[PDB]
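**Student:** One structure, as structure tokens, below. Some questions next.
2 protein chains.
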Amino acid sequence: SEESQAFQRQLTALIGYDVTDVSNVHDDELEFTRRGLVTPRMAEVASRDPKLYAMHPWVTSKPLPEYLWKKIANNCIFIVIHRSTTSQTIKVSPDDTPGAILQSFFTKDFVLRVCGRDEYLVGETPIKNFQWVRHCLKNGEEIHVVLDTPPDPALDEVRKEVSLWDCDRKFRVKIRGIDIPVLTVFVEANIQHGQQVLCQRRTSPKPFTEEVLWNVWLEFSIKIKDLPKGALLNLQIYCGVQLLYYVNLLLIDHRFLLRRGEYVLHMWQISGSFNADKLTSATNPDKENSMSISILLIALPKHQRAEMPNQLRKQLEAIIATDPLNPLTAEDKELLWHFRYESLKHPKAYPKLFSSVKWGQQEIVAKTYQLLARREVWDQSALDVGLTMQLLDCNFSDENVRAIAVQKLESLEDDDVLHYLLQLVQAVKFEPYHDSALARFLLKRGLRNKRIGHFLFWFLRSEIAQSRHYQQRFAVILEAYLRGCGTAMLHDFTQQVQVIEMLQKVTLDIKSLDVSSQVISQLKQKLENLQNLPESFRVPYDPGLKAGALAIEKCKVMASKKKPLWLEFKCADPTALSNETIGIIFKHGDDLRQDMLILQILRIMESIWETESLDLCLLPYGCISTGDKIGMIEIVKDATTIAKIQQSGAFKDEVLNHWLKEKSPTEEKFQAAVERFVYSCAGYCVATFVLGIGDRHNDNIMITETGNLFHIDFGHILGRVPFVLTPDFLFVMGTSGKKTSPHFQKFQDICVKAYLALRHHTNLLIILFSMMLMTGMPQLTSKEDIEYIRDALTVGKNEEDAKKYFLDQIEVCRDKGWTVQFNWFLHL
Amino acid sequence: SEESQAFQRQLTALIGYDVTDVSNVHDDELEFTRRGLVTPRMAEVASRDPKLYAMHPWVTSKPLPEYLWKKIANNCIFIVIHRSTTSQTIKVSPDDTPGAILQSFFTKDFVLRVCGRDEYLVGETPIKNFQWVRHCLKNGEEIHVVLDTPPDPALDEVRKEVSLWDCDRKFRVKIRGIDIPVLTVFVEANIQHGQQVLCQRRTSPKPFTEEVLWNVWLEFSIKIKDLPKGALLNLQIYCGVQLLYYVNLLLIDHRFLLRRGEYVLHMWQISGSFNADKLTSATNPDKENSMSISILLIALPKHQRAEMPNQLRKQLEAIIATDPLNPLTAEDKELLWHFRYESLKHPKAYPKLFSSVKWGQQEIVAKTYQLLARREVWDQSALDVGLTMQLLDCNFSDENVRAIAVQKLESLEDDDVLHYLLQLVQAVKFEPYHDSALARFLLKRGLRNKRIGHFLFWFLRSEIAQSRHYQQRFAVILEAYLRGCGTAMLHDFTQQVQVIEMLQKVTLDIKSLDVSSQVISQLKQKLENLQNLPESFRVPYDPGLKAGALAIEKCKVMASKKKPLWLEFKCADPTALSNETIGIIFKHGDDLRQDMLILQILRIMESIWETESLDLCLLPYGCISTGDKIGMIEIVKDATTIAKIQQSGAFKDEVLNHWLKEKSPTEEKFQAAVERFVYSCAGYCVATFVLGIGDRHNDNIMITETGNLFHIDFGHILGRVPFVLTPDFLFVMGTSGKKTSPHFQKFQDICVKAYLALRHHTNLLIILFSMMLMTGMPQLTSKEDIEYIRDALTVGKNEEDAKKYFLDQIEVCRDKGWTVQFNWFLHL
Ligand SMILES: COc1ncc(-c2ccc3nccc(-c4ccnnc4)c3c2)cc1NS(=O)(=O)c1ccc(F)cc1F
Ligand SMILES: COc1ncc(-c2ccc3nccc(-c4ccnnc4)c3c2)cc1NS(=O)(=O)c1ccc(F)cc1F
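Below is the structure:
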């Protein structure tokens, strides 16, 4: 067709990559996946509710936090409904539905929409179970909604559309040669399966030149029939010993066919590390410069007790109780496997049990499938996200194992998927094949809910624009989502990408030119030209918010070396309750993906703290990676850095407390800010400690006028003191040197409650941390790196040792005063 | 009948107890056993060869020892056949049969009989495989046989002849009271099974008087259906804590009936010890004085894999490799039981595996029987006597387990049964029931071979006359044997018992009267009266030898406090090659049973040494226990004590070497005596060390004129230096203080070869030692007692540490010289 052309081109433009381009594939897997994904797409689209999809209510089934209760006077919540010019304040009960609310208003068709936002309070859900309502309560804000007409669902219209088990020969592969357009070397051939090296063979070392031939058959010890679905041929080049290049080939393809024939693979260049890029089946796109290797190489079929000696059960339980990062000895595996049927009665033994499987033996793999067939304890088990995540990491290449993980994820409510979306999108990198159950799950949940969909779009598009290793795979999944999300979101994404693309250019043109008066007249000039750009666009980190017109006079070039744009937008929603502008930092030169991850962990940390009636007042500002080393960041209102305050490398102790009094008009407020400070401070001390990012210079720590403390720029320290608890912070709590005070004792108490809380989720955090390092920090992918968090969470320790451990830390910060901040200033 | 009367009375007179007397039984088990034993008796009698039974060839299938080879010149052995007055020396080949020999003699009906002995060289056996022939060779004696006529087999004529598994109630027993014709006390009720206490209940303590009543029901935790065949109700009385009396009752009888009703049991008096008397089901016969207990109390039915984790197989093998006296932890048992089918592939795991059985659970016991049903590795296994003995000790009460032990014993040749007869007879004490497979086995093997039979008679009769705990059981078995052994042996036993009974009296009458001239005229007088006594009788420790007339002039009263008779007899066989008299010590006042055991171990030690081409020249003189604290001992010819030599408490170093020169007429002989001394010395050092009986006073060590050293009186030290290696012994080897010599180096070498040899039979010796202490040393029955031999045999050590261990010992003896012998003299 012709309209399909100017539509596939639109898709490409949103995606940022051409899913038709076949200049870099050695098979048809990507294409097959495009087709395969049609069914799940159409299934979800066809069975989605029109009205609920249009309005996308943001709700939760969780209980209302205790601290959120202590803010409700006599089971009454006031809801101010605005019609056109007027407004009526109403008594509502937390337990009643919006439907009810409306009928109790007509006494003194339509649907309640949050004022100045694309957020609807609608559906058969208690007003208390709406996130927006919980947000207002938390901040002590007033709940304002307008009486508008339901969005026309027609705007969400979707456009019209020999057996392997018989070959007993040893596997072998011929290494022809290696070529590079521009020391001795050898090629190493590994047959891997989920980080496990099944078998390995090397070549003879040969003088390294622009072309090295071998023409040798490498015969492995593994029989062709013992090859597992998902096994990689891992080709690596060493020089003399150090790894220079690598590349991977799936030995069994997406149709269960053994791999056969001639291959010239373009390899990746290197910069025992656990980097997820090392696993990719994709070949390097840069054919011109890249090193390449030449190799020369039946379908896989499908599958269809004495009481334990007490001491063995003790040993088994001991093992199952260890942490995810706890290494299994061959003795442990032999035991887990020998007693596999007992192990299966424990959902928590699963990650370790399937790590005890000899995937290199077709008979063992078969018995394993027989295990998963007696899947009743697992299927009936209460969803455990940390446990489910462990089955989705780099240590599992089997699609049935990984599939029972995704199966458990289906019970997640939209609110929880949002909590784990980013890390789930990242976990797609550990999938052997492009079309996996995990991928389909992401796709289905994005199509079912606009909010998840919106972030799915930016998480994918973020990876596609800066990950050559995985962009092809991600681009296909993004396409499947764009073809089912609907006409209105398409138009919205189109608008958002256009705006960002325009703001990118300006950022680049301003950069190539400290902050002079000329560079300022050029920022203002370029902005004036652009504004003369969509009349409105959604904010990617806060999609309910629509930004509109620029406030050029408030725009500027910040004073860092990266010359970030500080932008200010008017809210395009007239029904907005304020004139406060939307503040967006636009930054080029950094890979903001790592920040997104840290911030997202912080959000997960807060929910853990909520399940324990705790609110450490963190501030995970919005941060979205939009392209190659560019992105945008939420400007937190009324905020100033701790360094700028002191600046008013000398440091004063009272200066901070002074600054709060100044900004608090009354005493009730100063005291409430001094509380906020104590909570937000403890929140960031505990958080940063766990994530090993506490030792920051105070230039990187900020504070709101209402006393809310919060760290910033988490990529900088990922690119001694356990955390920043400096005198000025302590002074606010009212303490000097060897002393104590009503707040300091409070602060000490919140920490230990925060700390011990997190430790109740050791495994979930260990897995999330491990995965964060393998998919976002190609630099921080060492064994000793990952195992930092085990120490920081005092694994194995009881709550007394742990408590006394953290307190010792808090002391280290005091005994060291300004010593570390002072060094941090010294410019050597 | 009437002839049966004067024949049952004869049996009683041989037995030394009336198997008809029912004045001491609470059931009919003994009687039932008398009847039960008829079949095995008649089976063996009916199927025994007349001629071979009459002549009882003493043969062996073992190879001729290497040292026995080096005594055969050019495959020729000379055999001097005597007819009447003449004699012909003949060339014979070691490999040819006696049948052959005869045909090679008529050239230059009948049967060859050793001169002056009831010993025949007959049958289809190589002349080399006759023990007599091996004896002559060993001693360098000349083989003299006479051509006599075959013994008439007619002389061997034999005279003409609710279910338990349904009762689910807890077992209980009522303790009425305790009575004694002549502090507080209580009764303790144990349900035991093979030294294992299944369940235990006590009474309330009550003031100890001549009659104490309780009238209380003791309810145990064990269900009636879980009671194992062979379980004992073990009633014990404690005073305040110390055990005073005990008695046992089989809870399930010989017909598989549960025990029911009223019992008054007469209990045994005491003198955590492992005494075999404590296990007896017999009641005390001394009704007049003995303490007794009153108690008040359905038939037992009959019965009809993932590879091991390497580490578990390692652990299992580790366990199975330990020694018999090595204690199993509950962890070990749980493992052996969990992996019972693997354990069954190892005959050596058997003792430990059946010690890992919960006999107190009818379901476990049942599975165990299912194990023994897959008895193929065991049944095909090469006979291991030590292993078979472990299944017959105090730790096994189950008749099926114990029965597979006796089954393995059937493959023993007569020569080997003789080696183990004594300890097998003792092991009958560990049998729960009177009619056991072990008992039948003994009976069958005694009836099949006259020599075994002869010793069977004296071993039984020894126990019957000094063991009230087991005499009833033993007396029944003896009766079964006497009714099938034949008319000639009956007459012989009759003769032997008469002689001994006469010699006993004289010993008693002489005792009640140092050595005066009057007591001498009274010994001679009493002997003169007796001789005016069978004209001939067999020597119980050497049955082939027939003693006849006394040599009164050589008779005397030895100079010990026990006033033993030193007797001298003429050999009643005219065809004897000498005029040397038979020398027999007749001793009253000692329990000679312990000696018999030690000596018998020494004999077992020599056979072990033979299987390793070694001959340490021990001298296990004959010693038979004939009655209550009486017995007889072989006088070793041309022998004098080491003390009497020195006496010629001062000690001289050369005196011993001097004594040898004196007695050796030539130099060739002195040198051959100095060799004999070095071997016999090392033999006794190693032996005594292992049995913890080395530290003897030299009054208890003797030497033959041909240099053969040998210890005596082994009951004395069972009633510091590791062994007697005194200067005088070392001088003979040619050494003084810090020195060495051709012999000393030799002696050191033989020891280590002797020692390491025995260690190859650690288990066999440990079991034999353990059993020797539990059936013969009521005094030496402690845990630390039994486990002495583990240390002396350096269990677990390799042959280097062991070798260097023994050498250190040999040194201890030198560094201490006469120090210990000197103290041994000091009369404090
Ligand atoms: C990705 O790294 C970042 N992470 C976070 C932020 C960030 C986020 C939210 C905010 N809300 C309010 C105010 C500010 C603000 C304004 C002016 N001065 N300071 C902070 C603010 C900054 C910026 C960056 N990048 S950055 O702007 O170059 C930069 C880097 C390091 C540094 F210490 C300072 C920086 F300004
Ligand atoms: C059961 O205890 C024994 N074990 C063994 C023998 C025994 C055995 C064989 C023999 N062959 C030849 C010569 C003698 C012999 C003659 C004279 N003097 N000494 C030994 C000899 C002794 C005796 C006893 N009992 S004993 O005769 O009372 C006795 C006890 C301790 C003691 F040192 C001395 C004793 F003479």
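If you read the protein sequences in the order shown, they are chains X and V.
Counted the way full-length UniProt numbering counts, the first sequence spans residues 144 to 251, 269 to 321, 352 to 372, 379 to 436, 458 to 488, 495 to 520, 527 to 533, 544 to 752, 758 to 776, 779 to 894, 900 to 970, 982 to 1090.
Counted the way full-length UniProt numbering counts, the second sequence spans residues 144 to 251, 269 to 321, 352 to 372, 379 to 436, 458 to 488, 495 to 520, 527 to 533, 544 to 752, 758 to 776, 779 to 894, 900 to 970, 982 to 1090.
Don't be surprised by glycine CBs; every beta carbon is placed ideally from N, CA and C.
(1) Heavy atom of ligand 1 less than 6 Å from the Cβ of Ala889/X, yes or no?
(2) Please find out if some non-hydrogen atom of ligand 1 comes closer than 6 Å to the beta-carbon of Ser1032/X.
(3) Is the beta carbon of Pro810/V within less than 6 Å of some heavy atom of ligand 2?
(4) State yes or no: is the beta carbon of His834/X nearer than 7 Å to at least one beta carbon in chain V?
(5) Please confirm whether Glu556/V has its beta-carbon closer than 7 Å to some beta-carbon of chain X.
(6) Expressed to the nearest angstrom, what Euclidean distance is found between the alpha-carbon atoms of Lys584/X and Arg614/X?
(7) Which residues does DSSP pair with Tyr480/V in a beta bridge?
(8) For the region 573 to 586 of chain V, which residues have a beta carbon sitting closer than 7 Å to at least one beta carbon of chain X?
(9) Can you tell me where the alpha helix (DSSP H) with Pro1004/V in it begins and where it stops?
(10) Using 7 Å as the limit for Cβ to Cβ distance, is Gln459/V near chain X?
(11) Quick check: is the beta carbon of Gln665/V nearer than 7 Å to any beta carbon in chain X?
(12) Less than 7 Å between CB atoms is the rule here; does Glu570/V satisfy it with respect to chain X?
(13) Examine the Cβ distances between the region 175 to 186 of chain X and the region 296 to 311 of chain X and report whether three or more of them are shorter than 8 Å.
(14) Quick test of your reading: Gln846/X and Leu661/X, contact by CB under 8 Å. State the CB separation rounded to the nearest angstrom.
(15) Sort out for me which residues DSSP pairs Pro403/V with in a bridge.
(16) Is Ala545/V close to chain X, meaning its C-beta is less than 7 Å from at least one C-beta of that chain?
(17) In the DSSP assignment, find the unbroken alpha helix (DSSP H) run with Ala793/V in it and report its ends.
(18) Rounded to whole angstroms, what's the CA-CA distance from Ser824/V to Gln646/V? Just pull it up for me.
(19) Just list the alpha helix (DSSP H) runs in the region 674 to 743 of chain X, keeping only unbroken ones of 4 residues or longer that don't cross its boundaries, in chain order.
(20) Flag this pair as yes or no: are the beta carbons of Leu695/V and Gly685/V separated by less than 7 Å?
(21) Between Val759/X and ligand 1, is the CB less than 6 Å from at least one heavy atom?
(22) How is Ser765/X classed by DSSP in three states: helix, strand or coil?
(23) If I'm right that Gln486/V touches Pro563/V with Cβ under 8 Å, what's the distance once you round it to whole angstroms?
(24) Quick one: any contact between the region 1069 to 1085 of chain V and the region 1002 to 1014 of chain V, if contact means 3 or more CB pairs under 8 Å?
(25) So what does DSSP say about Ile968/X, is it helix, strand or coil?
(26) Quickly, what does DSSP pair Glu573/V with across the bridge? List them, please.
(27) Can we count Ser806/V as close to ligand 2, meaning its CB is less than 6 Å from some heavy atom?
(28) Compute every distance between the C-beta of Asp950/X and the non-hydrogen atoms of ligand 1, then say whether any falls below 6 Å.
(29) Between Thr399/X and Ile365/X, is the Cβ-Cβ spacing less than 7 Å?
(30) Against chain X, which members of the region 400 to 415 of chain V pass a CB distance test of less than 9 Å?
(31) Would you say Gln550/X reaches chain V, if we count a Cβ-Cβ gap shorter than 7 Å as a contact?
(32) Please name the residue or residues paired with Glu880/X in a DSSP beta bridge.
(33) Rounded to whole angstroms, what is the Cα-Cα separation between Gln710/V and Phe783/V?
(34) With distances taken from CA atoms, which of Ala818/X, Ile1051/X, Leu467/X is nearest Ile828/X?
(35) Name the residue from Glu146/X, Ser144/X, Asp161/X whose alpha carbon lies nearest to the alpha carbon of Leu717/X.
(36) Going by Cα to Cα distance, which pick from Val1057/V, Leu838/V, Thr607/V is closest to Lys597/V?
**Tutor:** On the basis of the data shown:
(1) no
(2) no
(3) yes
(4) no
(5) no
(6) 9 Å
(7) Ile518/V
(8) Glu573, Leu574, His577
(9) 1004 to 1021
(10) no
(11) no
(12) yes
(13) no
(14) 5 Å
(15) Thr380/V
(16) yes
(17) Unbroken run through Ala793/V is the beta strand (DSSP E), 788 to 796; no alpha helix (DSSP H).
(18) 45 Å
(19) 676 to 687, 689 to 703, 710 to 721
(20) yes
(21) no
(22) helix
(23) With a Cβ gap of about 31 Å, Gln486/V and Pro563/V do not count as contacting.
(24) yes
(25) coil
(26) Per DSSP, none; premise fails for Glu573/V.
(27) yes
(28) yes
(29) yes
(30) none
(31) yes
(32) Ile830/X
(33) 26 Å
(34) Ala818/X
(35) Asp161/X
(36) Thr607/V
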